[PDB]
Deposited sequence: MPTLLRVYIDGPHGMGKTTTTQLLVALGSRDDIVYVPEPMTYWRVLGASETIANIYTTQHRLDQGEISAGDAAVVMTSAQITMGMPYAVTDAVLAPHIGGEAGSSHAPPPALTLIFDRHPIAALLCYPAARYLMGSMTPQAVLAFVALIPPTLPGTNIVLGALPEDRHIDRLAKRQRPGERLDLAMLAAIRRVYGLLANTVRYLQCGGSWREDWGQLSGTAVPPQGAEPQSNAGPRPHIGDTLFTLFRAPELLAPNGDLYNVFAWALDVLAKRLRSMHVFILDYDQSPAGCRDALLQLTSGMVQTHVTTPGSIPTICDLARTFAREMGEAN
């Protein structure tokens, strides 16, 4: 029974994730490590017209006082559903091939981002920016697919000052406020997994909210803190049950994830070797049939050819 290692490189854009990944795939053998790359093609052409460009234009207009929140919200919600579609189909066709958690893997699968990037992280950041409702953020949360065994997610670390300079180097605009928001979000996320793996329970700690490594963070330091918003609160001050249930889904999805932190404050070859060492402590899985491996290989290869830049 052959084995599989899946690794999702995620976190805020502009750190160097894409390069580092490509650098890592390059060191490997042709037929034992594949890359599912960033689907910019879907973003700029196939899915719609310059989705990246559309998003930053609308945020800028909202800030400039040129459209209202409600208007910006519907534009952001649409574009983001679109942004995330390739991650979602990929997860869906792959799911049946994944077995139980399990010596060198017969195949390593590297992903540019994980479904929560588009179904949770960026939405949450847009909400912080005032360009998306928390209800819609939670509707995205409710559609996060089941976390499969051996979900290794690598997030980035990088000083803000250096992050600002590197990013200043699609259709994007330099939105420091966005950068700050997405940085905060991925920060809460890493805390949240830690919070949940240390047996934390958002229901039991909900009142404490108001005005891989380490100890259990405070609930105020996790994603749960974002959804203490008046839109989601009943008169009695509690969360409406429907929203509570989506927080439950959030906990169920995150708690079983293996989070790793990668330092991007170094050269491109540095990040690569850092990442390589980091893989040996990652959870592998068995596949479900013998032919899962070449099948998985074709899908990843098919994807890159079509959607990678």
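- Residues 103 to 107, 175 to 177, 220 to 231, 330 to 331 of the deposited sequence have no C-alpha coordinates in the structure.
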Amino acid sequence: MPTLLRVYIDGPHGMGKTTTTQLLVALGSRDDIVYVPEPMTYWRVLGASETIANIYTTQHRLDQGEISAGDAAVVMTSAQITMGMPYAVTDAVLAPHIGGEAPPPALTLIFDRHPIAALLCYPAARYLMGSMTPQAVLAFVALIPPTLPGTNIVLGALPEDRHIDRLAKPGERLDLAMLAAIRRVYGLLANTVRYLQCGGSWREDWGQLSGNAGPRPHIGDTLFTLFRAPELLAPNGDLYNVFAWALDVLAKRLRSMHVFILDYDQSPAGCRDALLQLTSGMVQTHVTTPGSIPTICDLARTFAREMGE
From here on, numbers count along this sequence of modelled residues.
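- Where the other entries of this protein model the residues before and after it, residue 170 is dropped from at least a third of them.
- As listed in the deposited structure, the average C-alpha B-factor of 280 to 288 and of 256 to 264 is greater for 280 to 288.
- In this entry, the higher average B-factor at the C-alpha atoms falls on 296 to 304, of the pair 296 to 304 and 6 to 14.
- Comparing C-alpha B-factors across 124, 118, 168, 141 in the deposited entry, the largest value falls on 168.
- You'll see in the entry that, of 270, 70, 37, 28, the Cα B factor peaks at 28.
- Annotation for residue 245: CA B-factor lies in the lowest third of the chain's modelled residues.
- Sort the chain's modelled residues by C-alpha temperature factor and residue 147 lands in the lowest third, per the entry.
- Residue 48: CA B factor lies in the highest third for its chain, per the PDB record.
- In this PDB entry, residue 218 carries a Cα temperature factor that places it within the lowest third of its chain's modelled residues.
- Per-chain ranking of the deposited C-alpha B factor places residue 225 in the middle third.
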